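Undergrad: Let me begin by handing over the structure; questions about it come next.
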Amino acid sequence: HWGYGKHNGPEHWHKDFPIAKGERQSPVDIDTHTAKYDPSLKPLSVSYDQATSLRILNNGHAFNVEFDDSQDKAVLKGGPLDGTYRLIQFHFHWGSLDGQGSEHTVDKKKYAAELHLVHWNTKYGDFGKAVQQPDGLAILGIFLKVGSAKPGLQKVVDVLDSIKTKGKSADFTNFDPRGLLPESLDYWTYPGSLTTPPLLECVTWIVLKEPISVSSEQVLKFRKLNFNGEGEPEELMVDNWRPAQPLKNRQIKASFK
Ligand SMILES: [Zn+2]
């Protein structure tokens, strides 16, 4: 019964998921004055030309745009990574107000939202196997600010009415996730965790510095989603973000000078 409400939010998760207080939890604050350029990092390789989106699902915590991950169709390689990571889904975290919503922060700045493109290491065969490994996942995080519209997001926005409530899904084929990327692939990277239960410490985080812009109308439509199921009391799906966690014995590395 974890969530983001008044009595089951992030500060409670440790009772059922004790790793919530672990050594490698996410998100974190990215201090641009202490993150160090690492000349051994490589350019990110994002290969999404062959991506097969399938479906969009309201899971009661966010919505996931799901991809066919049964071949190397949409892969992330390079950067900090060894090997090949397959795109399985993307989702967002967002706020009730434009001044909040992101999970990572940059010098304590919260963005209006944050996109997570989740990929699993093909060395481990299936997602469920991958999340049990310290290098099982690579998550590409992208900040959203409110300004201009993002044209490549509109098809997502326009399907949200069909998945208003928890447990609803809709066909969602032929969506191109390249339309959600900023111009630059400059990034920060560090080792961390899933930001939702089970909070497993299986992620290489790759957080892009350049945000994307979405319009106020686009974010307003996200804020019309519901955490609840159909026929239940309406609880708007807003503020579905975990706050920054202690960095502990980690370093954040920058791909750029
Ligand atoms: Zn996420």
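Ligands are numbered from 1 in the order shown, chains are lettered A, B, ... in the order of the structure tokens, and residues start at 1 in each chain.
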Which residues are near ligand 1 - at most 9 Å, using only C-alpha atoms and all ligand atoms? Format: as a list in words.

TA: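 Written in the requested form, the residues are residues 62, 90, 91, 92, 93, 103, 114, 115, 116, 117, 118, 139, 141, 194, 195, 196 and 241 of chain A.
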
Undergrad: Dump N, CA, C and O atoms for the selected residues as a CSV table (one decimal), in the first residue's frame?

TA:
chain,number,residue,atom,x,y,z
A,62,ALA,N,2.2,5.9,-11.6
A,62,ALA,CA,2.6,6.6,-12.8
A,62,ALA,C,1.9,6.0,-14.0
A,62,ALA,O,1.1,5.1,-13.8
A,90,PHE,N,9.2,3.7,-20.5
A,90,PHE,CA,9.5,5.0,-19.8
A,90,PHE,C,8.2,5.4,-19.1
A,90,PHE,O,7.1,5.0,-19.3
A,91,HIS,N,8.5,6.3,-18.1
A,91,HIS,CA,7.4,6.9,-17.3
A,91,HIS,C,8.0,8.2,-16.8
A,91,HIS,O,9.1,8.6,-17.0
A,92,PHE,N,7.1,9.0,-16.1
A,92,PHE,CA,7.4,10.3,-15.6
A,92,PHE,C,7.1,10.3,-14.1
A,92,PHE,O,6.2,9.6,-13.6
A,93,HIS,N,7.7,11.3,-13.4
A,93,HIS,CA,7.3,11.8,-12.1
A,93,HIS,C,7.0,13.3,-12.2
A,93,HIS,O,7.7,14.0,-12.9
A,103,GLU,N,12.6,14.2,-9.3
A,103,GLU,CA,13.1,13.3,-8.2
A,103,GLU,C,14.6,13.7,-8.0
A,103,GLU,O,14.9,14.2,-6.9
A,114,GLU,N,10.2,14.8,-14.3
A,114,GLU,CA,11.3,14.0,-14.7
A,114,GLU,C,10.9,12.8,-15.4
A,114,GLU,O,10.0,12.0,-14.9
A,115,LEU,N,11.5,12.5,-16.6
A,115,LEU,CA,11.3,11.4,-17.4
A,115,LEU,C,12.3,10.3,-17.1
A,115,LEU,O,13.5,10.7,-17.1
A,116,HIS,N,11.9,9.1,-17.0
A,116,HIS,CA,12.8,8.0,-16.8
A,116,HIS,C,12.6,7.0,-17.9
A,116,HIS,O,11.5,6.4,-18.1
A,117,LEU,N,13.7,6.7,-18.7
A,117,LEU,CA,13.7,5.7,-19.7
A,117,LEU,C,14.5,4.5,-19.1
A,117,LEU,O,15.7,4.7,-18.8
A,118,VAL,N,13.8,3.4,-18.9
A,118,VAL,CA,14.4,2.3,-18.1
A,118,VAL,C,14.8,1.2,-19.1
A,118,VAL,O,14.1,0.7,-19.9
A,139,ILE,N,19.1,3.7,-16.3
A,139,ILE,CA,18.0,4.6,-16.4
A,139,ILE,C,18.5,6.0,-16.8
A,139,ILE,O,19.3,6.6,-16.2
A,141,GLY,N,17.6,9.7,-17.2
A,141,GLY,CA,16.7,10.6,-16.6
A,141,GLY,C,16.8,12.0,-17.3
A,141,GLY,O,17.9,12.4,-17.6
A,194,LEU,N,16.3,1.9,-7.9
A,194,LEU,CA,14.9,2.2,-8.3
A,194,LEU,C,14.4,3.3,-7.3
A,194,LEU,O,14.7,3.3,-6.1
A,195,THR,N,13.5,4.2,-7.8
A,195,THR,CA,13.0,5.3,-6.9
A,195,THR,C,11.6,4.9,-6.4
A,195,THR,O,11.0,5.8,-5.7
A,196,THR,N,11.1,3.8,-6.7
A,196,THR,CA,9.8,3.2,-6.2
A,196,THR,C,10.1,1.9,-5.6
A,196,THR,O,11.1,1.2,-6.1
A,241,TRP,N,6.7,11.8,-6.8
A,241,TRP,CA,8.1,11.8,-6.8
A,241,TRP,C,8.6,11.5,-5.4
A,241,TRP,O,8.0,11.9,-4.3

Undergrad: Would you list the contacts of residue 83 in chain A as a list in words, taking every protein, DNA or RNA residue within 8 Å and counting only C-alpha atoms, but skipping same-chain residues closer than 4 positions in sequence?

TA: residues 77, 78, 121, 122 and 123 of chain A

Undergrad: I need the residues in range 37-243 of chain A that are strand (DSSP E or B) according to DSSP; give them as a VMD selection string.

TA: chain A and resid 37 44 to 47 53 to 58 63 to 67 75 to 78 85 to 94 105 to 106 109 113 to 121 137 to 146 169 to 171 187 to 192 203 to 208 212 to 214 226 236

Undergrad: Just the selected residues (C-alpha atoms), exported as an mmCIF file, in the first residue's frame, please.

TA:
data_model
loop_
_atom_site.group_PDB
_atom_site.id
_atom_site.type_symbol
_atom_site.label_atom_id
_atom_site.label_comp_id
_atom_site.auth_asym_id
_atom_site.auth_seq_id
_atom_site.Cartn_x
_atom_site.Cartn_y
_atom_site.Cartn_z
ATOM 1 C CA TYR A 37 34.378 15.676 -15.039
ATOM 2 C CA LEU A 44 26.043 8.154 -24.471
ATOM 3 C CA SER A 45 24.867 5.869 -27.526
ATOM 4 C CA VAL A 46 21.094 6.011 -27.697
ATOM 5 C CA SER A 47 19.845 3.676 -30.501
ATOM 6 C CA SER A 53 6.209 0.736 -28.362
ATOM 7 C CA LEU A 54 3.245 -1.487 -27.502
ATOM 8 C CA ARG A 55 0.994 -0.134 -24.796
ATOM 9 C CA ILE A 56 0.501 2.530 -22.123
ATOM 10 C CA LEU A 57 -0.552 1.525 -18.593
ATOM 11 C CA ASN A 58 -1.721 3.494 -15.532
ATOM 12 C CA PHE A 63 1.956 5.557 -16.342
ATOM 13 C CA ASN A 64 4.362 3.354 -18.275
ATOM 14 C CA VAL A 65 4.860 3.438 -22.036
ATOM 15 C CA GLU A 66 5.951 -0.146 -22.669
ATOM 16 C CA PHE A 67 8.224 -1.468 -25.428
ATOM 17 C CA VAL A 75 19.283 0.092 -26.766
ATOM 18 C CA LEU A 76 21.448 2.235 -24.633
ATOM 19 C CA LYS A 77 25.214 1.694 -24.737
ATOM 20 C CA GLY A 78 28.375 3.665 -24.030
ATOM 21 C CA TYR A 85 20.847 -2.248 -22.195
ATOM 22 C CA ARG A 86 17.295 -2.735 -23.711
ATOM 23 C CA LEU A 87 14.557 -0.230 -23.328
ATOM 24 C CA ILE A 88 11.588 -1.767 -21.489
ATOM 25 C CA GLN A 89 9.468 1.257 -20.549
ATOM 26 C CA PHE A 90 9.472 4.961 -19.839
ATOM 27 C CA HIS A 91 7.449 6.908 -17.306
ATOM 28 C CA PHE A 92 7.418 10.276 -15.573
ATOM 29 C CA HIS A 93 7.257 11.810 -12.119
ATOM 30 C CA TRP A 94 5.599 15.200 -11.753
ATOM 31 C CA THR A 105 17.541 17.912 -8.105
ATOM 32 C CA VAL A 106 20.354 20.094 -9.435
ATOM 33 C CA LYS A 109 16.558 22.960 -7.849
ATOM 34 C CA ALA A 113 8.822 16.724 -13.839
ATOM 35 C CA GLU A 114 11.335 14.014 -14.681
ATOM 36 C CA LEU A 115 11.274 11.375 -17.430
ATOM 37 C CA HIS A 116 12.820 7.957 -16.795
ATOM 38 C CA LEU A 117 13.730 5.692 -19.750
ATOM 39 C CA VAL A 118 14.361 2.300 -18.133
ATOM 40 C CA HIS A 119 16.730 -0.222 -19.718
ATOM 41 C CA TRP A 120 17.955 -3.656 -18.556
ATOM 42 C CA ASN A 121 21.344 -5.287 -19.127
ATOM 43 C CA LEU A 137 19.560 -1.450 -15.099
ATOM 44 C CA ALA A 138 20.485 1.809 -16.815
ATOM 45 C CA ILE A 139 17.966 4.602 -16.371
ATOM 46 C CA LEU A 140 18.152 7.681 -18.490
ATOM 47 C CA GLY A 141 16.692 10.643 -16.587
ATOM 48 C CA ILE A 142 15.559 13.824 -18.320
ATOM 49 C CA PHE A 143 14.251 16.927 -16.538
ATOM 50 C CA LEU A 144 11.114 18.755 -17.708
ATOM 51 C CA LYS A 145 10.529 22.488 -17.306
ATOM 52 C CA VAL A 146 7.324 24.337 -18.190
ATOM 53 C CA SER A 169 -4.188 0.284 -20.387
ATOM 54 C CA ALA A 170 -4.394 1.304 -24.049
ATOM 55 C CA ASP A 171 -2.697 0.266 -27.246
ATOM 56 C CA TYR A 187 25.100 13.857 -18.507
ATOM 57 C CA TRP A 188 25.879 13.104 -14.914
ATOM 58 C CA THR A 189 26.165 9.499 -13.727
ATOM 59 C CA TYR A 190 26.218 7.682 -10.400
ATOM 60 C CA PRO A 191 25.217 4.266 -8.988
ATOM 61 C CA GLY A 192 21.812 4.071 -7.323
ATOM 62 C CA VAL A 203 20.760 1.118 -11.393
ATOM 63 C CA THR A 204 23.420 3.023 -13.258
ATOM 64 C CA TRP A 205 21.796 6.454 -13.376
ATOM 65 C CA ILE A 206 22.467 8.678 -16.377
ATOM 66 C CA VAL A 207 20.871 12.106 -15.838
ATOM 67 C CA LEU A 208 20.948 14.526 -18.757
ATOM 68 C CA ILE A 212 13.237 19.497 -22.175
ATOM 69 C CA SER A 213 10.403 22.088 -22.240
ATOM 70 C CA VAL A 214 6.737 21.052 -22.044
ATOM 71 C CA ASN A 226 -5.832 9.448 -11.060
ATOM 72 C CA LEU A 236 -5.301 13.159 -8.602
#

Undergrad: Go through range 186-254 of chain A and flag each residue having an atom no more than 7 Å from range 16-24 of chain A; for those, report the closest pair of atoms plus their distance in Å to one decimal, using only C-alpha atoms, ordered by chain and rising number, as CSV.

TA:
residue,atom,partner,partner_atom,distance
A:191,CA,A:24,CA,6.7
A:192,CA,A:24,CA,4.7
A:193,CA,A:24,CA,6.3
A:197,CA,A:17,CA,6.9
A:198,CA,A:17,CA,6.4
A:199,CA,A:20,CA,6.3
A:201,CA,A:24,CA,6.0
A:248,CA,A:23,CA,6.3

Undergrad: Go ahead and save the residues from that selection, with N, CA and C atoms, as a tab-separated table (two decimals), in the first residue's frame.

TA:
chain	number	residue	atom	x	y	z
A	191	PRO	N	25.90	5.52	-9.27
A	191	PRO	CA	25.22	4.27	-8.99
A	191	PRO	C	24.09	4.47	-8.01
A	192	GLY	N	22.92	3.91	-8.27
A	192	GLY	CA	21.81	4.07	-7.32
A	192	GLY	C	20.77	3.02	-7.49
A	193	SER	N	19.52	3.44	-7.30
A	193	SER	CA	18.41	2.49	-7.05
A	193	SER	C	17.20	2.83	-7.89
A	197	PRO	N	9.36	1.46	-4.61
A	197	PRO	CA	9.46	0.08	-4.12
A	197	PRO	C	9.47	-0.89	-5.29
A	198	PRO	N	10.37	-1.86	-5.31
A	198	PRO	CA	11.19	-2.35	-4.18
A	198	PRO	C	12.51	-1.63	-3.93
A	199	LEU	N	12.80	-0.52	-4.62
A	199	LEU	CA	13.92	0.35	-4.22
A	199	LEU	C	15.29	-0.37	-4.39
A	201	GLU	N	18.89	-1.67	-5.46
A	201	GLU	CA	20.12	-0.93	-5.75
A	201	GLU	C	20.81	-1.61	-6.96
A	248	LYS	N	25.84	9.50	0.55
A	248	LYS	CA	26.69	8.48	1.19
A	248	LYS	C	28.02	8.31	0.43
